[PDB]
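Here is the file work.txt (compact mmCIF, C-alpha atoms and all ligand atoms).
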# COMPACT_ATOMS: atom_id res chain seq x y z
CA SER A 5 0.27 22.15 -9.58
CA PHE A 6 0.45 22.76 -5.74
CA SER A 7 -0.40 26.27 -4.53
CA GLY A 8 -0.37 28.20 -1.26
CA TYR A 9 2.30 26.05 0.40
CA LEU A 10 4.88 27.36 2.80
CA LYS A 11 8.39 26.02 1.98
CA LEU A 12 10.02 24.37 5.01
CA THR A 13 13.09 22.86 3.30
CA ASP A 14 14.42 22.24 -0.25
CA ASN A 15 11.85 19.43 -0.68
CA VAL A 16 9.21 19.75 2.09
CA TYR A 17 6.21 22.09 1.77
CA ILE A 18 3.25 22.58 4.13
CA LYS A 19 -0.28 24.00 3.93
CA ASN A 20 -3.27 24.25 6.25
CA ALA A 21 -5.67 22.25 4.11
CA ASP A 22 -8.11 19.39 4.05
CA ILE A 23 -6.16 16.68 2.18
CA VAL A 24 -9.40 15.45 0.50
CA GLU A 25 -10.15 18.93 -0.86
CA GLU A 26 -6.50 19.36 -1.79
CA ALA A 27 -6.45 16.02 -3.64
CA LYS A 28 -9.67 16.84 -5.55
CA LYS A 29 -8.22 20.20 -6.58
CA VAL A 30 -4.67 19.13 -7.57
CA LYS A 31 -5.38 15.48 -8.63
CA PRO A 32 -1.73 14.68 -7.75
CA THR A 33 0.11 11.66 -9.07
CA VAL A 34 0.24 10.34 -5.47
CA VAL A 35 -1.85 11.00 -2.42
CA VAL A 36 -0.63 9.37 0.79
CA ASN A 37 -3.11 7.70 3.06
CA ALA A 38 -2.55 7.35 6.81
CA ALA A 39 -3.35 3.66 6.62
CA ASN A 40 -3.40 0.84 9.16
CA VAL A 41 -2.04 -2.67 8.41
CA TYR A 42 -5.52 -3.97 7.56
CA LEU A 43 -6.33 -1.06 5.20
CA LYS A 44 -9.52 -0.51 7.27
CA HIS A 45 -10.20 3.14 6.43
CA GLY A 46 -12.53 3.94 9.31
CA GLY A 47 -11.47 7.29 10.61
CA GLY A 48 -8.94 10.09 10.50
CA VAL A 49 -7.42 10.82 7.10
CA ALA A 50 -8.13 7.24 5.90
CA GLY A 51 -11.82 7.49 6.71
CA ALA A 52 -12.01 10.87 5.00
CA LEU A 53 -10.14 9.77 1.84
CA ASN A 54 -12.21 6.59 1.64
CA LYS A 55 -15.50 8.49 2.08
CA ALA A 56 -14.44 10.84 -0.76
CA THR A 57 -14.04 7.77 -3.04
CA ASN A 58 -17.62 6.65 -2.18
CA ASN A 59 -16.01 3.57 -0.47
CA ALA A 60 -14.23 2.45 -3.66
CA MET A 61 -10.91 2.74 -1.78
CA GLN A 62 -12.19 0.32 0.89
CA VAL A 63 -13.51 -2.17 -1.71
CA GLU A 64 -10.16 -2.16 -3.51
CA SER A 65 -8.31 -2.39 -0.17
CA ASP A 66 -10.31 -5.41 1.02
CA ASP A 67 -9.44 -7.23 -2.22
CA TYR A 68 -5.75 -6.28 -1.71
CA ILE A 69 -5.78 -7.64 1.87
CA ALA A 70 -7.63 -10.81 0.83
CA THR A 71 -4.85 -11.49 -1.69
CA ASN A 72 -1.76 -10.23 0.16
CA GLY A 73 -2.49 -10.14 3.86
CA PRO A 74 -1.82 -7.16 6.08
CA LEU A 75 0.89 -4.60 5.57
CA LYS A 76 3.73 -4.21 8.06
CA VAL A 77 3.80 -1.18 10.42
CA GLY A 78 6.26 1.10 8.59
CA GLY A 79 5.26 -0.41 5.23
CA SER A 80 3.15 0.67 2.33
CA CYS A 81 1.37 -0.37 -0.81
CA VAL A 82 0.38 1.51 -3.96
CA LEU A 83 -3.25 1.29 -4.91
CA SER A 84 -5.55 3.41 -7.08
CA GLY A 85 -6.07 7.06 -6.20
CA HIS A 86 -9.68 6.75 -7.49
CA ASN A 87 -11.20 10.25 -8.00
CA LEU A 88 -8.54 11.86 -5.78
CA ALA A 89 -5.17 11.11 -7.37
CA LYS A 90 -3.54 8.78 -9.96
CA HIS A 91 -2.32 6.55 -7.08
CA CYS A 92 -2.79 6.27 -3.37
CA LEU A 93 0.25 5.30 -1.40
CA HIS A 94 -1.14 3.66 1.75
CA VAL A 95 1.50 4.16 4.37
CA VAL A 96 1.33 2.63 7.87
CA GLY A 97 2.86 4.83 10.50
CA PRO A 98 3.07 3.42 14.06
CA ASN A 99 -0.10 3.98 16.07
CA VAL A 100 1.08 5.03 19.52
CA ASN A 101 -2.54 4.52 20.80
CA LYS A 102 -2.11 0.78 19.91
CA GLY A 103 1.36 0.73 21.65
CA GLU A 104 3.31 0.59 18.37
CA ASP A 105 7.01 1.52 18.22
CA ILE A 106 7.42 5.25 17.38
CA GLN A 107 10.89 4.31 15.96
CA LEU A 108 9.00 2.84 12.94
CA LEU A 109 7.97 6.36 11.85
CA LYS A 110 11.26 6.81 9.95
CA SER A 111 10.68 3.52 8.09
CA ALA A 112 7.13 4.70 7.27
CA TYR A 113 8.44 7.99 5.78
CA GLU A 114 11.07 6.12 3.71
CA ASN A 115 8.19 4.83 1.55
CA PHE A 116 7.74 8.39 0.27
CA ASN A 117 11.21 8.25 -1.36
CA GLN A 118 9.87 5.87 -4.00
CA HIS A 119 7.73 8.71 -5.47
CA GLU A 120 9.07 11.93 -6.96
CA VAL A 121 6.19 14.05 -5.67
CA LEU A 122 3.45 13.39 -3.10
CA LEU A 123 0.52 15.05 -1.37
CA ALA A 124 0.59 13.69 2.20
CA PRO A 125 -0.57 14.01 5.75
CA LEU A 126 1.87 13.92 8.72
CA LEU A 127 2.31 10.24 9.49
CA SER A 128 1.24 8.95 12.89
CA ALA A 129 -0.35 12.32 13.72
CA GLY A 130 -4.03 12.72 14.76
CA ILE A 131 -5.72 9.56 15.94
CA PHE A 132 -2.40 7.66 15.51
CA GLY A 133 -1.26 9.43 18.70
CA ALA A 134 2.26 10.61 17.86
CA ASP A 135 3.53 14.15 18.40
CA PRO A 136 3.00 15.94 15.04
CA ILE A 137 6.07 18.16 15.67
CA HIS A 138 8.14 14.95 15.92
CA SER A 139 6.43 13.59 12.76
CA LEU A 140 7.33 16.72 10.79
CA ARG A 141 10.96 16.49 12.02
CA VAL A 142 11.18 12.82 10.92
CA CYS A 143 9.55 13.76 7.60
CA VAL A 144 12.05 16.52 6.77
CA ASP A 145 15.00 14.33 7.92
CA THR A 146 13.87 11.24 5.97
CA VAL A 147 12.01 12.23 2.84
CA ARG A 148 14.21 13.41 -0.04
CA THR A 149 11.47 13.58 -2.71
CA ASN A 150 9.03 16.51 -3.03
CA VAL A 151 6.40 16.23 -0.29
CA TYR A 152 3.42 18.60 0.05
CA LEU A 153 2.01 18.23 3.53
CA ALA A 154 -1.61 19.03 4.19
CA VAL A 155 -2.38 19.76 7.88
CA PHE A 156 -6.12 19.90 8.53
CA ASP A 157 -6.04 21.71 11.93
CA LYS A 158 -5.22 25.50 11.62
CA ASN A 159 -3.96 25.65 15.20
CA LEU A 160 -1.72 22.61 14.62
CA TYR A 161 -0.47 24.09 11.31
CA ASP A 162 0.49 27.32 13.14
CA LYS A 163 2.24 25.37 15.91
CA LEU A 164 4.15 23.25 13.33
CA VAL A 165 5.36 26.25 11.30
CA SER A 166 6.24 28.42 14.31
CA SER A 167 8.18 25.65 16.06
CA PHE A 168 9.98 24.34 12.92
CA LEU A 169 13.73 24.32 13.37
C1 LIG B 201 -5.48 14.24 11.42
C2 LIG B 201 -4.30 15.19 11.33
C3 LIG B 201 -4.02 15.62 9.90
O1 LIG B 201 -3.72 14.90 8.96
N1 LIG B 201 -4.12 16.98 9.87
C4 LIG B 201 -4.41 17.51 11.11
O2 LIG B 201 -4.50 18.68 11.39
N2 LIG B 201 -4.53 16.49 11.98
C5 LIG B 201 -4.86 16.64 13.35
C6 LIG B 201 -4.03 16.12 14.32
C7 LIG B 201 -4.29 16.34 15.65
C8 LIG B 201 -5.38 17.10 16.01
CL1 LIG B 201 -5.76 17.30 17.68
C9 LIG B 201 -6.20 17.65 15.06
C10 LIG B 201 -5.95 17.40 13.72

Could you express the structure from this file as structure tokens?
Ligand SMILES: C[C@H]1C(=O)NC(=O)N1c1ccc(Cl)cc1
Amino acid sequence: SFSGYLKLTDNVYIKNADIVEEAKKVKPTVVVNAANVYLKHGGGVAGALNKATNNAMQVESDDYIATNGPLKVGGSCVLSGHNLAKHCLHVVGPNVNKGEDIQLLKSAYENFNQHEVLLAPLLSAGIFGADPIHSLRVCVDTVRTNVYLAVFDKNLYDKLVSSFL
């Protein structure tokens, strides 16, 4: 199971880790992807997860979009986890760099409540432009299921833990 995590709350755990390496090690039931509405996994966590699947995540995602159309900001879909997990929960947090409503971050985290346990990144953090401290606060105040957060950046991990209320 998950190891080396700091406990933040009854159900939220955090570790300074590369989510791809963490997923390959744990092979969790669910890995969360920091997806966009088009499931175009170009960069950030999505680009890294997709590259780890040898692009199989992108091939599956293009078929999903061709059939269903784009996701909503704040929405999600469950697809295969490929070699990383049983399932990948593609969750769309608002991208502040595209002028999307930060208020949708709570709706994005609510998707996690449909899964008993998840390995996840902080939604809307990184290239999505939101404040990761705010993302962690919304996470702990929204998610009720067991969420294991992987924060790639050591300096950001330290800032998140030390400023956690
Ligand atoms: C991409 C995001 C993540 O999932 N884990 C991180 O440490 N992230 C990250 C966010 C902001 C900056 Cl400047 C650097 C890294």

So which residues are near ligand LIG 201 (chain B), meaning at most 9 Å away with all atoms listed in the file counted, given back as a PDB file with C-alpha atoms, in the coordinates of the input?
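Dumped everything to part.pdb:
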ATOM      1  CA  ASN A  20      -3.270  24.250   6.250  1.00  0.00           C
ATOM      2  CA  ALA A  21      -5.670  22.250   4.110  1.00  0.00           C
ATOM      3  CA  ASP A  22      -8.110  19.390   4.050  1.00  0.00           C
ATOM      4  CA  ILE A  23      -6.160  16.680   2.180  1.00  0.00           C
ATOM      5  CA  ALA A  38      -2.550   7.350   6.810  1.00  0.00           C
ATOM      6  CA  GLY A  48      -8.940  10.090  10.500  1.00  0.00           C
ATOM      7  CA  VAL A  49      -7.420  10.820   7.100  1.00  0.00           C
ATOM      8  CA  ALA A 124       0.590  13.690   2.200  1.00  0.00           C
ATOM      9  CA  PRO A 125      -0.570  14.010   5.750  1.00  0.00           C
ATOM     10  CA  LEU A 126       1.870  13.920   8.720  1.00  0.00           C
ATOM     11  CA  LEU A 127       2.310  10.240   9.490  1.00  0.00           C
ATOM     12  CA  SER A 128       1.240   8.950  12.890  1.00  0.00           C
ATOM     13  CA  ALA A 129      -0.350  12.320  13.720  1.00  0.00           C
ATOM     14  CA  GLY A 130      -4.030  12.720  14.760  1.00  0.00           C
ATOM     15  CA  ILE A 131      -5.720   9.560  15.940  1.00  0.00           C
ATOM     16  CA  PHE A 132      -2.400   7.660  15.510  1.00  0.00           C
ATOM     17  CA  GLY A 133      -1.260   9.430  18.700  1.00  0.00           C
ATOM     18  CA  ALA A 134       2.260  10.610  17.860  1.00  0.00           C
ATOM     19  CA  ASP A 135       3.530  14.150  18.400  1.00  0.00           C
ATOM     20  CA  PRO A 136       3.000  15.940  15.040  1.00  0.00           C
ATOM     21  CA  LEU A 153       2.010  18.230   3.530  1.00  0.00           C
ATOM     22  CA  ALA A 154      -1.610  19.030   4.190  1.00  0.00           C
ATOM     23  CA  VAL A 155      -2.380  19.760   7.880  1.00  0.00           C
ATOM     24  CA  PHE A 156      -6.120  19.900   8.530  1.00  0.00           C
ATOM     25  CA  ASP A 157      -6.040  21.710  11.930  1.00  0.00           C
ATOM     26  CA  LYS A 158      -5.220  25.500  11.620  1.00  0.00           C
ATOM     27  CA  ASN A 159      -3.960  25.650  15.200  1.00  0.00           C
ATOM     28  CA  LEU A 160      -1.720  22.610  14.620  1.00  0.00           C
ATOM     29  CA  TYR A 161      -0.470  24.090  11.310  1.00  0.00           C
TER      30      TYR A 161
END

I'd like the box whose edges run along x, y and z of the file and which contains every listed atom of segment 27-34 of chain A, padded by 4 Å per side; could you state its centre and edge lengths in Å, one decimal, as lines of an AutoDock Vina configuration file?
center_x = -4.7
center_y = 15.3
center_z = -6.4
size_x = 17.9
size_y = 17.9
size_z = 13.4

Kindly give the distance, in Å, that separates atom CA of residue 122 of chain A and atom CA of residue 32 of chain A, rounded to a single decimal.
->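 Taking atom CA of residue 122 of chain A as the start and atom CA of residue 32 of chain A as the end point, the length is 7.1 Å.
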
Enter the distance from atom CA of residue 61 of chain A to atom CA of residue 83 of chain A, in Å, rounded to one decimal.
-> 8.4 Å

Which polymer residues have any atom within 10 Å of an atom of residue 54 of chain A, counting all atoms listed in the file, with same-chain residues fewer than 5 positions away left out, as a list in words?
->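 Within the cut-off, the hits are residues 24, 37, 44, 45, 46, 47, 49, 59, 60, 61, 62, 63, 65, 85, 86 and 88 of chain A.
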
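Picture a line from atom CA of residue 29 of chain A to atom CA of residue 52 of chain A; it runs 15.3 Å.
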